[PDB]
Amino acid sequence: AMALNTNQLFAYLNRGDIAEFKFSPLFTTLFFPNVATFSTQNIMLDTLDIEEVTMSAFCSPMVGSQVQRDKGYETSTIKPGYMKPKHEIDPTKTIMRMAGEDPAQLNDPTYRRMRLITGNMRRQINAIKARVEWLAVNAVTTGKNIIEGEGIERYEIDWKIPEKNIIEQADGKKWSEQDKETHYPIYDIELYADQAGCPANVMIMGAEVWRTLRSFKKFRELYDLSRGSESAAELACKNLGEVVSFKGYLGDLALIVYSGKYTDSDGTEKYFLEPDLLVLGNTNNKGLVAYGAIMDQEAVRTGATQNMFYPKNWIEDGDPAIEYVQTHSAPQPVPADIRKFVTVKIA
């Protein structure tokens, strides 16, 4: 067994026809679809060619779970959470073959190592994209991210979303308490959308929100199931049918139910978007995922530090020699304008 070099791993990562590589989760796709890779470890927001994205954040240290906001300050230098998940390449695994494919290769041990390597690479990108989506949804819904990673101390980024942009039905009119035969929920949605200061053209909803909205006769009468790749909102969902459902339109407002989940360190399943939350936004309000430099010595040696991802494969010596694949990345979502997001907790 010889370890694949990084050109060999990049050949796969860049291949063009792997969904895990070409698509990203919903909030990332709608609101952070652009990319900037930095040659510095830290993201330097002041250096971006696009003037229309956010160029500073209020960064505060933390002691435990406590944010030390008196020690925070606006800075255009952002330290990203450095990621480098790895997996063992165990050739004793049973390899699942697809689904139109070619039984004969699976004898060849090289072919089998390749299957495990590429399989684990796909899983590592999924995990990096999942962290990014978590960061994206948190930014949009709370204006804040908690950043952790290799070689830094845990701290908070605050994009300072206006307080009026985060709304709870329990401070006003609850949908659960309305007459489902007579209430017009559109007028509440319009009320929430006022807070964006600009038009909202997309409503992204947890499951409980969609259930409730649907229970209103007056929503059903206006609900326009018709659609056809007719909007950026709609286009964004076509490759995310595992976690996202495009429902139609309410006037010029696209309707998306979002049910994406991730697993946390504890190995527990969580929603990206809590089921009782809806987000109003504008699909023209596009920021980016900024990538800090890759800090791996071999990346540094070979001048390959400016990269979204940097995959490595190696075999260690030992009584069992253990083989690993690992992917380095230092992503951070940066919004265009945080003030154009309104989040509502229904009750």
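So that there is no doubt, residue numbering starts at 1 and follows the sequence shown.
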Checklist entry - Of 190-198 and 264-272, which one has the bigger average CA B-factor? => result 264-272
Item to check | Given 226-234 and 165-173, the range whose Cα B-factors average higher in the PDB entry | outcome: 226-234
Checklist entry - Per the entry, which of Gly119, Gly206, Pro85, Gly149 tops the list for Cα B factor? => result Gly149
Item to check | Criterion, highest CA B-factor; candidates, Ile338, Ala330, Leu13, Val334 | outcome: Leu13
Checklist entry - By its CA B factor, does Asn34 count among the lowest, middle or highest third of the modelled residues in the chain? => result lowest
Checklist entry - Lowest, middle or highest third: where is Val53 by Cα B-factor in its chain? => result highest
Next on the checklist: Is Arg112 in the lowest, middle or highest third of its chain when residues are ranked by C-alpha B-factor?
Outcome noted: highest
Next on the checklist: Where does the C-alpha B-factor of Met96 rank in its chain, lowest, middle or highest third?
Outcome noted: highest
Checklist entry - Split the chain's modelled residues into thirds by Cα B-factor; is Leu9 in the lowest, middle or highest one? => result middle
